[PDB]
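Single chain ahead, by itself, as structure tokens, in the form deposited in one PDB entry.
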């Protein structure tokens, strides 16, 4: 060590002890290259692929060429507050795709951004615009209910029923209700998410992300989420019912005036991933989808469908939600839309709910830039080409890779519990090894580092790049490009059988450095 270090020291220390301390110098297709002791390029097969950003692989020639052309044409990258038709054009296409895949003829407005978290946060913000609109309306009614009950109570007709007063003379009861209601109005809203949810790591979005050491230090900053148990959905109704909050009004009935509770909108939005990355690639079950629908219908807030990972074809359709029958009101996309080379994202918000203020009170310096716009159109061209046969490829490559994984599970069920996911978004679940015979394995599994250690084995002994997913690296992710070959899938089967035979043997010398 010794010498000054200006970034990544801790991160690199850790990567090294996991066996993952390598620098990749070049990438193409499903292959990334590092330099060995002697200085030649060793090819490594990439199953992580930007955590699912690279449906078309690293540095796809068609995307590279288009990008260089865009650069040579003098594309206007920074043209803020001018007419940028390409944003309308991208949205037209995603709209047409959504209609095709859902049957539904709904229209969405598009707001662009620079990352998944930014796009989800545009959704969070627009959700909260809708709640403020509901809130204003209810408080307007309450005012008129009060004025009415006061004129009945003063002029003569009615008498205040005093048994209602545990909830708080006229003016004093009125002002106490306004005091109560204003306190309630200013309380932060709640967001609903699923357990294992991963929606981004910014100040707002991190609260929507379950992972405990990532989120808990920041609890005090921003509105919280309630993390619904996705596997036991019959439980979700009661948990949301617990969260009801009411405000107060005065209610006239001829001659009796009563203080009464009225429902207050606490919940700003519900968020769901069609396939749940922080949970180990579990797809949302039909039962769960129908509970989310009920919740959205019931509370009158938007269902936000987060397709940062599941979208642009990964699941065997453009939208994973369409595949799995999830009918959201807002949608977000990112990752693969930058083509593997630039940074872009988008929030699609239904036009019958969309509030025009948002188009001019939200904005960003880099958002909607011409270059990533141009690259977005190219990606959508590619994924849609030839009668939508790119999706068919994804399906059949996905089937092939899942069958291999399922075949590996069947012979190694002692260390592998499940295969999860769909299309080319798959994972193996590892059985717990916190109770393991090998000292060195047990200690890593106890630290939540098992998956990373196994990944290091796969790197150094088989030249395959896998990365773990899930809360204690308890899952191994497999999300390669659509061009993944049978030979590469066979090489991965060989590698995995090797890995899980060593893990069966509890061979800690060999697994842990």
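Numbering follows the first chain given and starts at 1. Here, rigid core means the biggest group of C-alpha atoms that superpose within 1.5 Å across both forms.
Same protein, other form: the form deposited in another entry, not shown, and the subject of what follows.
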query	finding
Position that moves between this form and the one not shown after core superposition, taken from 73, 239, 403, 163, with Cα shift of 2 Å or more	163
Per-residue C-alpha change between this form and the one not shown, residue 96, threshold 2 Å, rigid core fit	no
Rigid core fit then residue 290 CA moved by 2 Å or more between this form and the one not shown	no
Core-superposed comparison between this form and the one not shown, residue 311 Cα displacement 2 Å or beyond	yes
Direction of C-alpha distance change in that other deposited form, residue 311 to residue 100 (at least 3 Å)	farther
Distance trend in that other deposited form - C-alpha atoms of residue 350 and residue 311, change of 3 Å or more	farther
